[PDB]
Ligand SMILES: CC(=O)O[C@H]1C(=O)[C@@]2(C)[C@H]([C@H](OC(=O)c3ccccc3)[C@]3(O)C[C@H](OC(=O)[C@H](O)[C@@H](NC(=O)c4ccccc4)c4ccccc4)C(C)=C1C3(C)C)[C@]1(OC(C)=O)CO[C@@H]1C[C@@H]2O
Ligand SMILES: CC(=O)O[C@H]1C(=O)[C@@]2(C)[C@H]([C@H](OC(=O)c3ccccc3)[C@]3(O)C[C@H](OC(=O)[C@H](O)[C@@H](NC(=O)c4ccccc4)c4ccccc4)C(C)=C1C3(C)C)[C@]1(OC(C)=O)CO[C@@H]1C[C@@H]2O
Ligand SMILES: Nc1nc2c(ncn2[C@@H]2O[C@H](COP(=O)(O)OP(=O)(O)O)[C@@H](O)[C@H]2O)c(=O)[nH]1
Ligand SMILES: Nc1nc2c(ncn2[C@@H]2O[C@H](COP(=O)(O)OP(=O)(O)O)[C@@H](O)[C@H]2O)c(=O)[nH]1
């Protein structure tokens, strides 16, 4: 059984998961009290709730997910909220003080105190698995728990397990919008485990999502609650071919085989094409052809980036619903035709399509409309180096005067560690300079 | 008929028995006024009340148990309480002053005055037996009656009877928690009869039970009343295959044959796996496989101990309820697989399973939930030597200055007896050093 | 003529035989009460092989139930088939065996065996012309091992020429549910060597393996594994009870299964075994059944025949079948697999063919193999034995009961000598 | 006689064969449940070429379904035709292949192939006189490519003289839906060279082109393209199953299709293909069908024959037809187009004529071509291969799984050598 583990770390990581685990409840037809209703005398793990829901006896569905925070407060929104009996009580693990936007606290001081209790929750879910697929860590670069703790966990998960996929859903720091002033300190130090221990790190940021809500979608005033329903449709599609039938299904490992060229070039941005408001959902031509072109739009990116500034290296089309493939292959051939879209010269064969039959669900009270088709495009590009150049420069400014150093050293790390994680990220940005360039003879 | 004798000595020994004889009343369907209700026109000693209940004429069930105390006060909680007509009047034997945390008083001074009246109660129950199995002494090491009197009785029970099993349910002194300061004096002196006269001594202690209530069970604030319902499920399962049908039944003597290697290596700790609170009883996977693994947990121990510090020598699985054996044999083979679990090198064949069909009863107002399966694991390990090293050191501290010696000598024992019972326990702890070690050639 | 006395002994012995006399009692159309409700007069011609007819056409088996514990007897009495036995054949003590060999063979066994051999003589003095006996018991129990081998070693003094065979369950190291089952199995292998004519070694793991892989069961109990075993025990003496084209008694097997004395440890096998649903997808034929009887995954002994050579086999078919296909399939096997057979014996296979299949299908078969690969059993025990005994663990519960050490060392050597008897007869030309 | 074992492998393999045994199961009037519901006794004379008759006139194919992923098997079971297979032939692992060649050929393939060759021997030991095998698989998948070529290279060690052919789907650069399909196709072309008797190279673009232009379909799925392909695979072995005027087995083609060893890569073709509606406007005749079989737009391989020369072709007609018109049309072609044929072979065409058309029309035909123009396939791959491999992209997912570089460089050279084998046999007199 294609089972998978969600881990939701820190405030952002928890609050995304609300929006994730809201959705799968609708995907598999599960009430917020964990119950499938009486109109499901059909095949459950044939609808495959069984990758995200261990079926407790007597018709009861509890996730394979763990909600971890160093602060009591965030998870206590999940107790009560409405999800107060969806979750297993023992998978909502609270500390007492958060890392408090301090990587040294989340990794050394506070994080170690709950790390074995969290790893022991993993084993209780790891031993219930048959054919474990991998882990889905959610966090934010630029928290304390999202960076400090996640770094501590990913070390321990690499040692105990090794073999499985470990996906990350990070939130990257936005170039203008930021709310912590040590936001770049906590991102340089999380660089270390993100490239080494994760197998595929995704990056999103809040400004590139603000664009999409306002422009494609005509929401006046987004909150985090609005953005995370969007986040969840990207992840819901990723992991949908594990758990629904379709031609050209794609396991969690078939991403990495088809998306990732080299060891540490594993930072693909996602998109999602049918972000359409109810009114704008008429005046649609929402065919396969238009929605494939919309993925390649530099405005429909989930990262503050412009693929017109770099070259794509792989793409990866994951479609849901009322789909005929030859419409897709004719829309690929258009994509190969255009010269505004630069692939690299060593790719040649562009990219991997994957289709699934299960259409998305419209989240109730949600922002989307009812669409028939839907497409994430996970896509390596050299344009995500530009996100890095805009953030190294913020780190290099503050660390030039050794600003907030005294908080960090007095918590269980060294001054020396800044100089290593800065070199470490400077080497990544040098890899994408050398991976964009073709070789000639 | 598979009959058995409970003897409940001292304050702790009585107050456990309340929680034991509460339970069997529910096991066999007996009201607190000793009556089976009208809906039992089925086979009584076929449900085999007849190991713990001599059926008085006219449908009335009185135990084969004797409640002994040197103090009037404890048993007077049983007269009245609610059990005031469950018990035979003549099996509630009171002294007038307790031994008063003084072994010399419980064994020589006060104990001899009631010892023949207690042995004569045994004969009145011994002669009513057909196929007497053995005795179940309950007490605490570190009382006066629990140590001094129990030592006196076990001498007399070995002489009159010899042949039968004599189980003990001791409470061992906890390393931090203690309430008597001569607690180690009374434990060194009870060492003598525990290894010599008992056939199988169990040890529990209060801290290792505090853990389980708080952690597995989410009780905020345990009392003795809470702990002893737990104690009683361990004993209720031990003696359940005598008195219910199941495949692989296990008599009282089949423990000792399968649990006990050598003459004095007969100190097995028990566990119990489904200690689950009502809320945490959903979010269960409470299969046979998980509940077998839970026995081998160093946290689910009934002794302040960590089997990761010693090697198991035998184990002994006693299961109740909705059980398919092949699930068990596949869970054994997992246990043999792991290298965190050290058996010894002369065991090879690990351990003995036993199954019973009768599911536990949820004690009303009790702490457990409704579980379908349940497992005690009686298990010899070399890790119980560690409980001893932590208590000899407390004895050796106080006896270095000959502290409370003047109370003991002036009551009917010698200074010389401390030096013999210290050597006696030092030899046990030397046996487990020499029984953990394999022989090589 | 050719009666069989059944001595089911111990807990395990009683469970199998409970299910055993539920099959035989279906073979001959015996009511639960003990009346006859068949239609075919084949069921009665040879009913007397197992059943005493009593007054007014009730049919009481010739089985004797022995125990050292009242429990199993009360279960059987109170069940569906309590009515079928004679109540003077429920012979039982009160004090349990301890899963201790000494306790069932010397102390508490010897006390009872007088009151049981007196029941053996009720049965043996009533028969026309007795053929054989049979224990159903367990090497690894107290009464199955100890009391069983006391009953055996006291029947050879009375009835020294009847085919006495056992269906003995042998321990497997993968599935352990008793700590001293090496002690209890070693001291009874010692007795089965010198005293028995045929020994059908059965394991536990080999029966799950049939349930999981072949039958596609989910959740096996003792109830299910012995339901298999009873379909083997029915097959053994089929041609004793039904007419056939080749007949084959107990004695007929014994004679040409057993090259040397002492090597009388057989590996059964049954075929067919399908799941329900997967029955309309196998065509049921003699080459279909032959392939199951020689596949390793249909052995009720937890060994692989490929770790040795069959000395001899017997093939007992039950059904309206041909003789060429039988004589050919049994030929094409000992040609294609000629290195899996001992070559100093021509025609390793004996066929027997009955006419009467079990009461649900056509064309069953039963494989009974004298393979050299059974020393894999005796060594896995004599490694556990020698690992506990070097410490002298669990010794006082044995020396306490009338035994001593020198019974152990000799019994260990009698097991380890016959490992060097299967070994000699595997290799060396 | 002349049985065919079917090994459908991978995801693609299972989809085609799902639709393949929906055609064959119509050729012989097999019910979805597995009973027979025909009327003509032609359907049964040679049913045994594909179907084991089982107990009580049910017909179980001789197909084995292999996968490294439970999904396709559960789909097929739960569909219209789940009932038809034997449930012991649904052999599958749990961990997916990765669309990785190494993962299906070394790590997770080798683990399973033991449990599959044991199913090959269930099938091969039941046949009267086996003719051949067949994979249905995909060069560009994990299990289709990797596990397929592990199964093949282990059958040549067992059954070294049976016609083993593949219907392999080959990648096209116009339609890409996997990034490393050059890696996965290169390492399996290497195995198909030395191990296979005939190889029917099929593409994707060539099947849309038939749907769009000829059939006038709107919206093709895998469901529709393999429905075509299965009408080719039926045609191949028609004269093996039906009586004809010229017969032609698997072996008959093989022999005179293949000049040199190693050049066993064929281009199928089917005719007729009309839309519905445009059927009453074509007169259906032998010159009508011949013109479709030689037109480039009816090739199921995405090439143009005009970029080379046919070495040899075979023409397999199915229907009540003449022999002069056949013998003439096949003559008038290799005269008018004599520069499109290799001239060192006289009579490039082999005709076979069956008597039994498909179950909707008269007079079908099947073109199977050994053209030199198939090096257009091998070069379009060995350009993508050499463009990724010069960077060593996607390498750690391969060297991680037991492979190394030197398996690549040799496998690239084995593909690039046979480009220089079609090249030699196109030109040079
Ligand atoms: C339509 C049909 O043919 O059904 C068969 C059947 O499907 C199969 C699968 C049966 C079936 O057996 C089981 O499923 C099974 C259940 C528990 C324990 C062991 C097996 C069957 O239940 C059992 C049943 O057996 C008999 O009736 C024999 O007489 C058998 N008798 C019993 O053990 C028995 C069963 C139930 C009640 C009372 C007695 C026997 C075999 C050898 C020697 C003496 C007697 C049969 C043939 C079948 C069913 C009914 C489905 C099989 O078993 C036996 C012992 O025959 C399992 O593998 C064999 C092959 C059979 O073909
Ligand atoms: C009235 C009439 O003559 O109609 C024809 C028809 O119009 C044509 C266009 C058919 C038709 O086929 C298709 O349109 C088609 C659909 C999906 C994929 C591939 C083709 C036909 O559907 C398919 C159908 O095929 C058969 O019945 C064969 O036995 C065929 N069987 C199947 O594949 C099958 C399909 C659907 C339902 C049941 C069976 C076969 C072919 C080769 C080997 C074995 C079996 C036929 C002759 C026709 C229709 C019905 C319109 C054609 O195809 C076949 C496979 O024969 C397409 O080009 C040919 C030429 C036929 O003349
Ligand atoms: N198949 C099988 N039979 C057993 C096993 N253990 C004991 N037996 C049988 O049970 C009988 C021996 O009794 P035992 O179970 O020791 O008796 P008790 O333990 O006092 O009730 C014999 O007939 C044995 O063949 C076992 O593990 N498997
Ligand atoms: N023709 C073809 N077959 C494919 C393609 N991708 C995978 N396959 C086939 O699918 C099988 C692998 O199964 P896969 O799709 O990986 O299974 P998953 O775990 O469900 O993704 C192999 O037999 C492949 O040859 C493709 O692009 N084309």
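Quick reminder: no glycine exception, Cβ is built from N, Cα and C everywhere.
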Swiss-Prot has A:71, A:140, A:144, A:145, A:179, A:206, A:228 binding GTP. Which one of A:11, A:31, A:285 is in the same site?
A:11
Counting other C-beta atoms within 10 angstroms, the emptiest spot among the recorded positions A:48, A:145, A:179 is A:179
Using a 10 Å cut-off on CB atoms, tell me which of the recorded positions A:71, A:254 is the least crowded.
A:71
Listed recorded positions (A:206, A:254, A:326, A:439) that sit near chain D [CB under 8 A]:
A:254, A:326, A:439
The answer, for which of the binding-site residues A:11, A:140 has its Cβ ringed by the most other Cβ atoms inside 10 Å, is A:140
Drop a 10 Å sphere on every Cβ of the recorded positions A:228, A:439 and tell me which sphere holds the fewest other Cβ atoms.
A:439
Identify, in sequence order, the residues in the chain of residue A:206 (GTP binding site) that are 6 or more apart from it along the sequence and have a CB within less than 8 Å of its CB; answer 'none' if there are none.
A:171, A:174, A:177, A:227
Residue A:140 (GTP binding site) - helix vs strand vs coil (DSSP):
coil
For residue A:40 (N6-acetyllysine), what is the tally of other C-beta atoms lying within 10 angstroms of its C-beta?
15
By a simple count, how many Cβ atoms lie within 10 Å of the Cβ of residue A:282 (3'-nitrotyrosine), its own Cβ left out?
8
Structural state of residue A:145 (GTP binding site), classified by DSSP into three states
helix
Between the recorded positions A:140, A:144, A:145, A:282, A:339, which lies closest to residue A:439 (phosphoserine), Cα to Cα?
A:339
10 Å Cβ neighbour count around residue A:144 (GTP binding site)?
28
Please identify, among the recorded positions A:40, A:48, A:232, A:326, A:370, the one with the smallest Cα-Cα distance to residue A:71 (GTP binding site).
A:232
